[PDB]
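**Student:** Structure file query10.txt (compact mmCIF, C-alpha atoms and all ligand atoms) is given on the next line.
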# COMPACT_ATOMS: atom_id res chain seq x y z
CA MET F 1 8.10 33.91 0.21
CA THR F 2 9.86 32.57 3.29
CA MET F 3 12.15 29.61 4.09
CA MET F 4 9.30 27.82 5.88
CA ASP F 5 7.06 28.34 2.83
CA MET F 6 9.79 26.61 0.83
CA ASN F 7 9.81 23.70 3.29
CA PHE F 8 6.06 23.17 2.86
CA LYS F 9 6.27 23.53 -0.90
CA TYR F 10 8.84 20.73 -0.97
CA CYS F 11 6.48 18.57 1.13
CA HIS F 12 3.74 19.47 -1.31
CA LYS F 13 5.95 18.38 -4.22
CA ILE F 14 6.52 14.98 -2.58
CA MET F 15 2.79 14.42 -2.10
CA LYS F 16 1.76 15.43 -5.65
CA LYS F 17 4.48 13.15 -7.03
CA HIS F 18 3.67 10.03 -5.04
CA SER F 19 0.00 10.26 -4.09
CA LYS F 20 -2.19 11.18 -7.03
CA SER F 21 -5.52 10.58 -5.31
CA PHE F 22 -4.77 12.03 -1.91
CA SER F 23 -2.96 15.02 -3.41
CA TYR F 24 -5.98 15.84 -5.60
CA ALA F 25 -8.27 15.66 -2.56
CA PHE F 26 -6.36 17.23 0.31
CA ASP F 27 -5.02 20.14 -1.72
CA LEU F 28 -8.61 21.40 -1.64
CA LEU F 29 -8.42 22.06 2.12
CA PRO F 30 -7.92 25.54 3.56
CA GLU F 31 -4.29 26.65 3.42
CA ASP F 32 -3.30 26.00 7.02
CA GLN F 33 -4.73 22.48 7.07
CA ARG F 34 -3.50 21.49 3.62
CA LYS F 35 0.01 22.56 4.56
CA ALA F 36 -0.19 20.46 7.74
CA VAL F 37 -1.29 17.46 5.62
CA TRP F 38 1.58 17.90 3.18
CA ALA F 39 4.06 17.84 6.04
CA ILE F 40 2.57 14.75 7.67
CA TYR F 41 2.48 13.10 4.26
CA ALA F 42 6.14 13.77 3.52
CA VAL F 43 7.22 12.40 6.90
CA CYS F 44 5.17 9.26 6.40
CA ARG F 45 6.57 8.88 2.86
CA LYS F 46 10.19 9.17 4.04
CA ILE F 47 9.45 6.54 6.72
CA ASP F 48 7.90 4.18 4.18
CA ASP F 49 10.78 4.66 1.70
CA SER F 50 13.71 4.75 4.13
CA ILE F 51 15.00 1.19 3.80
CA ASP F 52 15.86 1.28 0.10
CA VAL F 53 18.12 4.31 0.60
CA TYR F 54 21.26 2.46 1.72
CA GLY F 55 19.70 -0.98 2.12
CA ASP F 56 19.48 -0.87 5.91
CA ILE F 57 17.81 0.80 8.87
CA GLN F 58 20.10 3.84 8.96
CA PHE F 59 17.91 6.56 7.45
CA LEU F 60 14.95 5.16 9.39
CA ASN F 61 16.63 5.53 12.81
CA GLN F 62 17.55 9.11 11.85
CA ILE F 63 13.93 9.88 10.98
CA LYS F 64 12.79 8.48 14.33
CA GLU F 65 15.39 10.47 16.27
CA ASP F 66 14.33 13.62 14.42
CA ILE F 67 10.73 12.98 15.42
CA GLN F 68 11.73 12.26 19.01
CA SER F 69 13.72 15.53 19.14
CA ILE F 70 10.58 17.41 18.07
CA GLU F 71 8.34 15.57 20.52
CA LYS F 72 10.72 16.20 23.39
CA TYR F 73 11.83 19.74 22.43
CA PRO F 74 9.15 21.24 20.21
CA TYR F 75 10.49 24.81 20.46
CA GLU F 76 14.27 24.29 20.22
CA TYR F 77 16.36 24.50 17.08
CA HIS F 78 17.37 21.02 15.95
CA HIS F 79 20.07 20.01 13.50
CA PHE F 80 17.98 17.33 11.84
CA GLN F 81 19.63 14.04 10.86
CA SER F 82 17.25 12.95 8.08
CA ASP F 83 15.47 15.44 5.84
CA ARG F 84 15.74 19.00 7.13
CA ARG F 85 12.97 20.44 4.94
CA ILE F 86 10.38 17.89 6.09
CA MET F 87 11.38 17.95 9.76
CA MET F 88 11.28 21.75 10.03
CA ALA F 89 7.75 21.66 8.67
CA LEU F 90 6.61 18.86 10.98
CA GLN F 91 8.06 20.86 13.85
CA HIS F 92 6.05 23.89 12.71
CA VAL F 93 2.88 21.80 12.63
CA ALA F 94 3.62 20.33 16.09
CA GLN F 95 3.88 23.82 17.61
CA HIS F 96 0.25 24.35 16.60
CA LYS F 97 -1.44 20.93 16.84
CA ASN F 98 -1.52 18.04 19.32
CA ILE F 99 0.41 15.43 17.31
CA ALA F 100 0.13 11.79 18.36
CA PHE F 101 3.82 10.96 18.25
CA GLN F 102 3.18 7.37 19.33
CA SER F 103 1.23 6.94 16.11
CA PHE F 104 4.38 7.79 14.10
CA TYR F 105 6.37 5.38 16.27
CA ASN F 106 3.81 2.66 15.51
CA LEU F 107 4.19 3.31 11.78
CA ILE F 108 7.97 3.15 12.07
CA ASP F 109 7.89 -0.14 14.03
CA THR F 110 5.71 -1.52 11.24
CA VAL F 111 8.32 -0.55 8.65
CA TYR F 112 11.11 -2.16 10.72
CA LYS F 113 8.98 -5.31 10.98
CA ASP F 114 8.39 -5.52 7.28
CA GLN F 115 12.05 -6.30 6.72
CA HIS F 116 11.53 -9.78 8.19
CA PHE F 117 8.18 -10.08 6.42
CA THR F 118 6.15 -13.21 7.04
CA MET F 119 2.70 -13.89 5.66
CA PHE F 120 -0.28 -13.30 7.92
CA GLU F 121 -1.86 -16.41 9.46
CA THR F 122 -5.25 -14.80 10.02
CA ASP F 123 -7.22 -11.75 8.91
CA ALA F 124 -6.68 -10.54 12.48
CA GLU F 125 -2.94 -10.19 11.82
CA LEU F 126 -3.63 -8.58 8.47
CA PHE F 127 -5.97 -6.03 10.08
CA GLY F 128 -3.25 -5.39 12.68
CA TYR F 129 -0.83 -4.57 9.87
CA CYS F 130 -3.43 -2.26 8.34
CA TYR F 131 -3.58 -0.42 11.66
CA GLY F 132 0.22 -0.09 11.81
CA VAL F 133 0.64 1.34 8.32
CA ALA F 134 -2.57 3.34 7.88
CA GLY F 135 -4.73 3.51 11.00
CA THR F 136 -1.80 5.36 12.55
CA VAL F 137 -1.92 7.92 9.70
CA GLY F 138 -5.62 8.55 10.45
CA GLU F 139 -4.66 9.10 14.07
CA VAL F 140 -1.91 11.61 13.22
CA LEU F 141 -4.34 13.52 10.95
CA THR F 142 -7.18 13.73 13.51
CA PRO F 143 -6.21 17.02 15.19
CA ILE F 144 -5.69 18.56 11.73
CA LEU F 145 -9.07 17.61 10.31
CA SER F 146 -11.40 18.03 13.30
CA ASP F 147 -12.13 20.78 15.81
CA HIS F 148 -12.52 18.73 18.97
CA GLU F 149 -10.74 15.37 19.05
CA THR F 150 -12.59 12.70 20.98
CA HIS F 151 -12.36 8.93 20.98
CA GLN F 152 -15.13 8.78 18.37
CA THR F 153 -13.07 11.05 16.09
CA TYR F 154 -9.90 8.94 16.39
CA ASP F 155 -11.91 5.78 15.88
CA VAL F 156 -13.51 6.96 12.63
CA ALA F 157 -10.13 8.24 11.39
CA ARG F 158 -8.40 4.91 12.16
CA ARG F 159 -11.11 2.90 10.41
CA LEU F 160 -10.86 5.15 7.38
CA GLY F 161 -7.08 4.81 7.20
CA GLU F 162 -7.33 1.05 7.54
CA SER F 163 -9.87 0.60 4.77
CA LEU F 164 -7.89 2.78 2.37
CA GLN F 165 -4.94 0.49 3.06
CA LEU F 166 -7.10 -2.57 2.36
CA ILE F 167 -8.05 -0.97 -0.99
CA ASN F 168 -4.38 -0.29 -1.61
CA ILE F 169 -3.60 -3.99 -1.04
CA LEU F 170 -6.45 -4.91 -3.36
CA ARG F 171 -5.07 -2.70 -6.20
CA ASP F 172 -1.52 -3.93 -5.89
CA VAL F 173 -1.76 -7.73 -5.59
CA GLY F 174 0.47 -8.45 -8.59
CA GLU F 175 3.04 -5.76 -7.91
CA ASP F 176 3.19 -6.91 -4.31
CA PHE F 177 3.65 -10.52 -5.43
CA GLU F 178 6.68 -9.56 -7.54
CA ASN F 179 8.21 -7.98 -4.46
CA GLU F 180 7.59 -11.26 -2.64
CA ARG F 181 4.78 -9.79 -0.55
CA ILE F 182 1.36 -11.38 -0.25
CA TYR F 183 -1.08 -9.68 2.10
CA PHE F 184 -4.15 -11.93 1.94
CA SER F 185 -4.15 -14.19 5.02
CA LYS F 186 -3.10 -17.85 4.86
CA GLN F 187 -6.39 -18.68 6.53
CA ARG F 188 -8.39 -16.93 3.83
CA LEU F 189 -6.21 -18.18 0.97
CA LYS F 190 -6.48 -21.81 2.10
CA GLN F 191 -10.23 -21.38 2.50
CA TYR F 192 -10.82 -20.02 -1.01
CA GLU F 193 -8.23 -22.38 -2.51
CA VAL F 194 -6.00 -19.69 -4.01
CA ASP F 195 -2.29 -19.73 -4.72
CA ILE F 196 -1.24 -16.22 -5.69
CA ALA F 197 1.83 -17.45 -7.59
CA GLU F 198 -0.49 -19.71 -9.59
CA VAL F 199 -2.86 -16.87 -10.44
CA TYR F 200 0.04 -14.58 -11.37
CA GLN F 201 1.00 -17.35 -13.82
CA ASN F 202 -2.35 -18.43 -15.18
CA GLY F 203 -4.76 -15.51 -14.98
CA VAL F 204 -7.69 -14.98 -12.64
CA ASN F 205 -10.48 -17.45 -11.91
CA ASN F 206 -13.60 -17.76 -9.81
CA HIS F 207 -11.68 -18.71 -6.66
CA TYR F 208 -9.33 -15.69 -6.74
CA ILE F 209 -12.22 -13.41 -7.71
CA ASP F 210 -14.25 -14.65 -4.73
CA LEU F 211 -11.35 -14.11 -2.31
CA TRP F 212 -10.66 -10.65 -3.77
CA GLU F 213 -14.34 -9.74 -3.48
CA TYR F 214 -14.47 -11.02 0.11
CA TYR F 215 -11.91 -8.38 1.14
CA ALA F 216 -13.53 -5.74 -1.07
CA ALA F 217 -16.85 -6.13 0.74
CA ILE F 218 -14.97 -5.50 3.99
CA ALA F 219 -13.35 -2.30 2.69
CA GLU F 220 -16.67 -1.04 1.27
CA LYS F 221 -18.63 -1.77 4.43
CA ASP F 222 -15.98 0.03 6.45
CA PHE F 223 -16.12 2.95 4.02
CA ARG F 224 -19.91 3.23 4.46
CA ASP F 225 -19.61 3.20 8.24
CA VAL F 226 -17.06 6.01 8.08
CA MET F 227 -19.27 8.11 5.79
CA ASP F 228 -22.09 7.77 8.34
CA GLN F 229 -19.83 9.43 10.89
CA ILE F 230 -18.36 12.02 8.55
CA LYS F 231 -19.50 14.69 10.96
CA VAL F 232 -16.78 14.09 13.52
CA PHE F 233 -14.57 16.09 11.15
CA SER F 234 -14.55 19.90 10.80
CA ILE F 235 -17.06 21.25 8.27
CA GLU F 236 -14.38 22.26 5.74
CA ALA F 237 -12.67 18.84 5.88
CA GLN F 238 -15.87 16.78 5.48
CA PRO F 239 -16.23 17.11 1.70
CA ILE F 240 -12.47 16.68 1.22
CA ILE F 241 -12.36 13.49 3.30
CA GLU F 242 -15.41 12.17 1.45
CA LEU F 243 -13.65 12.80 -1.86
CA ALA F 244 -10.39 11.17 -0.79
CA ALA F 245 -12.40 8.07 0.20
CA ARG F 246 -14.67 7.99 -2.85
CA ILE F 247 -11.70 8.26 -5.18
CA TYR F 248 -10.00 5.33 -3.45
CA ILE F 249 -13.26 3.37 -3.43
CA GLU F 250 -13.45 3.91 -7.19
CA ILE F 251 -10.17 2.02 -7.47
CA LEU F 252 -12.21 -1.10 -6.73
CA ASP F 253 -14.36 -0.73 -9.84
CA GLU F 254 -11.21 0.04 -11.78
CA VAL F 255 -9.77 -3.34 -10.70
CA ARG F 256 -13.01 -5.07 -11.68
CA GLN F 257 -13.14 -3.41 -15.08
CA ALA F 258 -9.58 -4.54 -15.67
CA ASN F 259 -10.59 -8.14 -14.84
CA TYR F 260 -8.59 -8.20 -11.60
CA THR F 261 -5.32 -8.05 -13.52
CA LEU F 262 -2.17 -8.89 -11.58
CA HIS F 263 -0.05 -7.27 -14.28
CA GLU F 264 -0.72 -3.56 -14.00
CA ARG F 265 -1.56 -0.79 -11.57
CA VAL F 266 -5.07 0.47 -12.34
CA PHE F 267 -6.06 4.09 -11.63
CA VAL F 268 -8.89 6.59 -11.48
CA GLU F 269 -8.54 9.17 -14.28
CA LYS F 270 -8.06 12.74 -13.13
CA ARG F 271 -11.24 13.62 -15.04
CA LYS F 272 -13.13 11.02 -12.98
CA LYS F 273 -11.83 12.49 -9.73
CA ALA F 274 -13.30 15.85 -10.71
CA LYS F 275 -16.58 14.11 -11.51
CA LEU F 276 -16.74 12.53 -8.04
CA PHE F 277 -16.06 15.93 -6.47
CA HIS F 278 -18.81 17.51 -8.55
CA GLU F 279 -21.10 14.74 -7.25
CA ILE F 280 -20.12 15.41 -3.65
CA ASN F 281 -20.55 19.20 -3.90
CA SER F 282 -24.22 19.00 -4.88
CA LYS F 283 -24.94 17.18 -1.60
CA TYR F 284 -22.97 19.77 0.40
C1 LIG F 301 -0.83 11.67 5.38
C2 LIG F 301 -1.56 10.95 4.23
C3 LIG F 301 -2.60 11.76 3.45
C4 LIG F 301 -1.13 9.69 3.79
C5 LIG F 301 -0.17 8.82 4.31
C6 LIG F 301 1.11 8.81 3.47
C7 LIG F 301 2.06 7.60 3.59
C8 LIG F 301 3.07 7.44 2.46
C9 LIG F 301 2.02 6.64 4.61
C10 LIG F 301 2.91 5.57 4.70
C11 LIG F 301 2.27 4.17 4.65
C12 LIG F 301 1.43 4.02 3.38
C13 LIG F 301 2.14 3.92 2.02
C14 LIG F 301 0.04 4.13 3.49
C15 LIG F 301 -0.88 4.16 2.27
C16 LIG F 301 -1.29 5.53 1.73
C17 LIG F 301 -1.42 5.62 0.19
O1 LIG F 301 -0.10 5.50 -0.38
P1 LIG F 301 0.48 6.52 -1.52
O2 LIG F 301 1.71 5.84 -2.01
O3 LIG F 301 0.56 7.91 -0.99
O4 LIG F 301 -0.74 6.62 -2.55
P2 LIG F 301 -1.05 5.58 -3.74
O5 LIG F 301 -0.48 4.19 -3.20
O6 LIG F 301 -2.48 5.67 -4.10
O7 LIG F 301 -0.05 6.02 -4.92
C18 LIG F 301 -2.31 4.68 2.49
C19 LIG F 301 -3.39 3.94 1.69
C20 LIG F 301 -2.74 5.24 3.86
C21 LIG F 301 -3.84 6.31 3.68
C22 LIG F 301 -4.40 6.78 4.87
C23 LIG F 301 -5.10 7.97 5.08
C24 LIG F 301 -5.12 9.04 3.97
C25 LIG F 301 -5.77 8.30 6.42
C26 LIG F 301 -7.29 8.47 6.30
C27 LIG F 301 -7.85 9.12 7.40
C28 LIG F 301 -8.21 10.47 7.50
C29 LIG F 301 -8.13 11.42 6.29
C30 LIG F 301 -8.79 11.01 8.80
MG MG F 302 2.41 6.06 -4.32
MG MG F 303 0.54 -0.72 -2.26
Would you give me this structure, written as structure tokens?
Ligand SMILES: CC(C)=CCC/C(C)=C/CC/C(C)=C/[C@@H]1[C@@H](COP(=O)(O)OP(=O)(O)O)[C@]1(C)CC/C=C(\C)CCC=C(C)C
Ligand SMILES: [Mg+2]
Ligand SMILES: [Mg+2]
**Tutor:**
Amino acid sequence: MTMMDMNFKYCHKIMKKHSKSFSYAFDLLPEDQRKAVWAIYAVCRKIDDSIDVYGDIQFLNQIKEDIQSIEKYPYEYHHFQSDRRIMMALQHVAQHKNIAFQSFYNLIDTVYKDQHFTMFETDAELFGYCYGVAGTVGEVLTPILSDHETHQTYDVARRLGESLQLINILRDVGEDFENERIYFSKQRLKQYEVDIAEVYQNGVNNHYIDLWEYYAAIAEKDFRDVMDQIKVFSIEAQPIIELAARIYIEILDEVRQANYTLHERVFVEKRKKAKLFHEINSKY
């Protein structure tokens, strides 16, 4: 029951706490891959949460320097500046897998940027943001969840990450609005004649529903194209990745069934998640 085990179990704790869908899915991987996913998760979570620690970029620059120490000196003992437990585990993972460190740097730049948030002019900017926050995560995970990483593998993984993020945005419209974030593009908002503030005030309508469903068709189409290439991923990871996706896809029906409410976070019941997994296991 070693010190390293304790490091991973802490990372596990962070993921079960914060990520109900992805926890449920990725914990079903073999031990060595699921532990690698916990570690990558906890690093990404620290990066995403780092600003509201003091109020400024301090903890974030520490995280980055810790990651750069590992990249540069993967086998030396580091006195980590941010979170020792998470960084020891990432270092362990890096000694065994070809981590794309530039994908973590991309994620971190995206977090820096989001301080001076400004709304996206076009869907092209929005999709670029999706890459920064979530495509990158797919990239980091690639060597973990596939046997032989090629460009096709990274591509599928990126596309998956980016559509899960688009689903995320689609679940959290109202919550995001309260935090003075709107993610739909000004182009697409103007086109559908939608003022998010107005809809947060007055309830949904046919305009907002149409704009919401525009982006949903994009996420679902991207989901289907990923599923068609599921076989880039190792045989053990295939069903797990399919479940993670299906669960997050189900969030879209949850939004619908709640009439596109901007005043709560909808969710897929645990008992539903198990149903989807049952469904997926028959196939496999
Ligand atoms: C490392 C791992 C599993 C996740 C990343 C953990 C973090 C925190 C990243 C910081 C930026 C953020 C917040 C991104 C959003 C994750 C959901 O937020 P979370 O808060 O956990 O859950 P929920 O909002 O539902 O409560 C997201 C949608 C990206 C999901 C992308 C995946 C999974 C790659 C798919 C490709 C393959 C599997 C090849
Ligand atoms: Mg969360
Ligand atoms: Mg969100």
**Student:** Please, which residues in range 60-127 of chain F fall within 9 Å of range 6-30 of chain F when counting only C-alpha atoms, and what is the closest atom pair and distance in Å to one decimal for each, ordered by chain then residue number, as JSON lines?
**Tutor:**
{"residue": "F:84", "atom": "CA", "partner": "F:7", "partner_atom": "CA", "distance": 8.5}
{"residue": "F:85", "atom": "CA", "partner": "F:7", "partner_atom": "CA", "distance": 4.8}
{"residue": "F:86", "atom": "CA", "partner": "F:11", "partner_atom": "CA", "distance": 6.3}
{"residue": "F:87", "atom": "CA", "partner": "F:7", "partner_atom": "CA", "distance": 8.8}
{"residue": "F:88", "atom": "CA", "partner": "F:7", "partner_atom": "CA", "distance": 7.2}
{"residue": "F:89", "atom": "CA", "partner": "F:7", "partner_atom": "CA", "distance": 6.1}
**Student:** Mind giving me the straight-line distance from CA of residue 125 in chain F to atom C30 of ligand LIG 301 (chain F) in Å, one decimal?
**Tutor:** 22.2 Å
**Student:** Skipping near chain neighbours, those fewer than 6 positions away, what residues fall within 8 Å of range 210-223 of chain F using only C-alpha atoms, listed as a PDB file with C-alpha atoms, in the coordinates of the input?
**Tutor:**
ATOM      1  CA  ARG F 159     -11.110   2.900  10.410  1.00  0.00           C
ATOM      2  CA  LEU F 160     -10.860   5.150   7.380  1.00  0.00           C
ATOM      3  CA  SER F 163      -9.870   0.600   4.770  1.00  0.00           C
ATOM      4  CA  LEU F 164      -7.890   2.780   2.370  1.00  0.00           C
ATOM      5  CA  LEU F 166      -7.100  -2.570   2.360  1.00  0.00           C
ATOM      6  CA  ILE F 167      -8.050  -0.970  -0.990  1.00  0.00           C
ATOM      7  CA  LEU F 170      -6.450  -4.910  -3.360  1.00  0.00           C
ATOM      8  CA  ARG F 188      -8.390 -16.930   3.830  1.00  0.00           C
ATOM      9  CA  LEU F 189      -6.210 -18.180   0.970  1.00  0.00           C
ATOM     10  CA  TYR F 192     -10.820 -20.020  -1.010  1.00  0.00           C
ATOM     11  CA  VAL F 194      -6.000 -19.690  -4.010  1.00  0.00           C
ATOM     12  CA  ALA F 245     -12.400   8.070   0.200  1.00  0.00           C
ATOM     13  CA  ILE F 249     -13.260   3.370  -3.430  1.00  0.00           C
ATOM     14  CA  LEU F 252     -12.210  -1.100  -6.730  1.00  0.00           C
TER      15      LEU F 252
END
**Student:** Do you have the CA of residue 48 in chain F-CA of residue 92 in chain F distance handy?
**Tutor:**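 Distance reported for this atom pair: 21.6 Å.
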**Student:** Would you list the residues that come within 7 Å of ligand MG 303 (chain F)? Count only C-alpha atoms and all ligand atoms and give the answer as a list in words.
**Tutor:** residues 168, 169 and 172 of chain F
**Student:** Calculate how many Å separate CA of residue 42 in chain F from CA of residue 171 in chain F, rounding to one decimal.
**Tutor:**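 Computed distance, CA of residue 42 in chain F to CA of residue 171 in chain F, equals 22.2 Å.
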